[PDB]
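*Asks:*
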Amino acid sequence: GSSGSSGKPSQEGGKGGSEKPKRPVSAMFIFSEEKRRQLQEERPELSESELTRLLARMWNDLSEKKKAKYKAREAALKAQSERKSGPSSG
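Here you go:
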């Protein structure tokens with residue numbers, strides 16, 4: 001590994017565009033990524049695969065006041081992994 005050219009997108013080329021295709025970041029993603037690192041240290045016995053189940057349960061325990069904290073950031077984070085959504089080919 002660590003060697004070998006392999007383009008997934010293929011065709012087209014970002015000459016001077018902005019942003020690039022990436023994994024979205026919903027409200028659950030933020031809380032699932034910000035809480036994971038916290039649970040990992042606090043709970044070294046729990047693995048990432050296991051934390052995924054605990055993160056989902058914690059998200060539900062949250063309140064409308066707390067959820068809004070991450071839900072509000074999603075609107076800004078989504079812009080990174082999403083540009084325009086009008087009538088266009090692609």
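Take 1 as the starting number for the sequence shown in PDB author numbering and just add one per residue. Just so it is clear, CB atoms sit at the ideal spot from N, CA and C, and this is done for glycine as well.
Compare the C-alpha of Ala72 against each of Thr52, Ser5 and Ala27 and name the closest.
*Replies:* The shortest C-alpha to C-alpha distance from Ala72 to any of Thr52, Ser5 and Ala27 is the one to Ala27.
*Asks:* Going by the beta-carbon positions, is the gap between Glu74 and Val25 smaller than 8 Å?
*Replies:* yes
*Asks:* Just curious, the alpha helix (DSSP H) that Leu62 is in, first and last residue?
*Replies:* Per DSSP, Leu62 lies in no alpha helix (DSSP H) segment and is marked neither H nor E.
*Asks:* Nearest-angstrom Cα distance between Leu51 and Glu41?
*Replies:* 11 Å
*Asks:* Determine the DSSP secondary structure at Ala79, reduced to helix, strand or coil.
*Replies:* coil
*Asks:* Pick from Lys35, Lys20 and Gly14: whose alpha carbon is nearest that of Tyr70?
*Replies:* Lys35
*Asks:* With 16 other CB atoms within 10 Å as the buried threshold, where does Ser5 fall?
*Replies:* Here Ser5 is exposed. Its C-beta has fewer than 16 other C-beta atoms within 10 Å.
*Asks:* Does DSSP classify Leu55 as helix, strand or coil?
*Replies:* Here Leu55 sits in helix by DSSP.
*Asks:* Does the beta-carbon of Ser32 have 16 or more other beta-carbons within 10 angstroms, so that it is buried, or is it exposed?
*Replies:* Here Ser32 is buried. Its C-beta has 16 or more other C-beta atoms within 10 Å.
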